[PDB]
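See structure below.
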Amino acid sequence: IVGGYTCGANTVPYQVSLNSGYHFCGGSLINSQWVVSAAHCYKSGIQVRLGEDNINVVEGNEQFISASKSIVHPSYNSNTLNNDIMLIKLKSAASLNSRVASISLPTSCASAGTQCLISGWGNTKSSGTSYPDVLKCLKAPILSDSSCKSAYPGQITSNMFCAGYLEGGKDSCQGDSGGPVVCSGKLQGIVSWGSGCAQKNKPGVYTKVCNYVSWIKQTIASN
Ligand SMILES: [Ca+2]
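Numbered by PDB author numbering, the letters in the sequence shown go through residues 16 to 34, 37 to 67, 69 to 125, 127 to 130, 132 to 184, 184A, 185 to 188, 188A, 189 to 204, 209 to 217, 219 to 221, 221A, 222 to 245 in order.
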């Protein structure tokens, strides 16, 4: 996250870190046994880390649970990043409380102008690299589809939305991928892609979760 603020420990209780020997992507806990992330975060051998603030220090609220199954969306296209969503089933159920909690799926899509919270452990610089150890947060609005399509001609599908600031300076970045965009207490987006980070006229692009609720619910019910 570029241009954000330190969230505070366990203030974003649905935020997960995906670990394969190191943090590589975020995700969101949607019930005691399932996480949703980005398909471009797929790899084998994932450990899901819940209850984290400092990802390099054991602080006492963590739960480390291996993945038993990963399911990439059937229509994910790695070239265009259309349908950039993936479900991860945990080997055992997480223990839920105030510091580790699930986030609700949306019943309706959010409109442009709605303010959302984006979080992650990704890069904090737009030029160069500095990775934080503690979770960072950013408040940003959903942008209109017309502004999003004007920023990225020919690249925005109906399964994507833009959020952030056309003036630059505040965005999600590398290492935030897969993490949550939460608006009015519901998971509306997944950190997916962008052209660089925090550049003028190049806001972040997010997977539009409201289009996938039926697929998520049906998949969880049968796996
Ligand atoms: Ca920790």
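Each residue gets a CB set at the ideal place from its N, CA and C atoms; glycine is no exception.
Straight-line gap, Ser88 to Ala56 (C-alpha atoms, nearest Å)
10 Å
Mind checking which residues open and close the alpha helix (DSSP H) that includes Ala243?
235 to 243
Can you tell me whether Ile73 sits near ligand 1, meaning its C-beta is under 8 Å from at least one heavy atom of the ligand?
yes
In DSSP terms, what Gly43 is bridged to:
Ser32
Does at least one heavy atom of ligand 1 sit under 8 Å from the Cβ of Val76?
yes
Pull up the DSSP beta-bridge partners for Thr177, would you.
BP columns for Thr177 are empty, so no partner.
Which of the three DSSP states, helix, strand or coil, is assigned to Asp71?
coil
DSSP state of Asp165, grouped into three classes?
helix
Candidates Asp71, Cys42, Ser150: which alpha carbon is nearest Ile63's?
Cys42
Are there 16 or more other CB atoms within 10 angstroms of the CB of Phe82, so buried, or fewer, so exposed?
exposed
Quick one, are the C-beta atoms of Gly23 and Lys188A less than 9 Å apart?
no
Does ligand 3 have even one heavy atom less than 8 Å from the beta-carbon of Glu80?
Ligand 3 is absent from the structure shown, which contains only ligand 1.
Have a look at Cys168 and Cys201 and give me their C-alpha separation to the nearest angstrom.
18 Å
Could you give the distance in angstroms between the alpha-carbon of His40 and the alpha-carbon of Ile73?
8 Å
Taking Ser147 as the reference, give the member of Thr21, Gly187, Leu123, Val231 with the closest Cα.
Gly187
Would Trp215 and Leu99 be called neighbours here (beta carbons separated by less than 9 Å)?
yes
Keeping to the same chain, check which residues put their C-beta closer than 7 Å to that of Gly133; ignore five residues upstream and five downstream.
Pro161, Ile162
Is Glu186 a contact residue of ligand 1, with contact defined as CB to any heavy atom under 8 Å?
no
Closest Cα partner of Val227 within the set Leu155, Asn79, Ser45, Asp102
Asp102
If you follow the beta strand (DSSP E) that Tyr228 is part of, which residue opens it and which one closes it?
226 to 230
Could you tell me the alpha carbon to alpha carbon distance between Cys191 and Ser54, rounded to whole angstroms?
15 Å
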